[PDB]
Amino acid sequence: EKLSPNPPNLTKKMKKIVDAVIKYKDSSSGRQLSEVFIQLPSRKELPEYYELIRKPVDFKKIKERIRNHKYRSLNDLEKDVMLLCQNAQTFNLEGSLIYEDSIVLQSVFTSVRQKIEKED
């Protein structure tokens, strides 16, 4: 379940990045883009999702993996975040609100990771 703790600064950077990504708001509408991605819908609600997506992941799972030290680098974290967004892009149509939100979230993650790595 819970792996052996990471060094504290690594964990702190992982939390600051995912926090900023989750909080991110559309500059003009103020809509927080992560809302739909926080928790996967039920197998009941969206059974096609689980037939179509082999490795489901949501932000609640990503935070759990930070806390439990499943990621050993920002690269491990980045892979899970890009997998979340890629899954959104596989399941939904190009041009859908959820598809386009997932594109913006990739570039939010990248921007935030760069800003936070730079911070000493």
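All residue numbers refer to positions in the sequence shown, first residue = 1.
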item: Residue stretch of maximal mean CA temperature factor, 111 to 119 vs 2 to 10; value: 111 to 119
item: Which of 63 to 71 and 27 to 35 has higher mean CA B factor, as the PDB entry lists it; value: 27 to 35
item: Cα B factor band for residue 52 (lowest, middle or highest third within the chain); value: highest
item: Third of the chain, ranked by Cα B-factor, where residue 81 sits; value: lowest
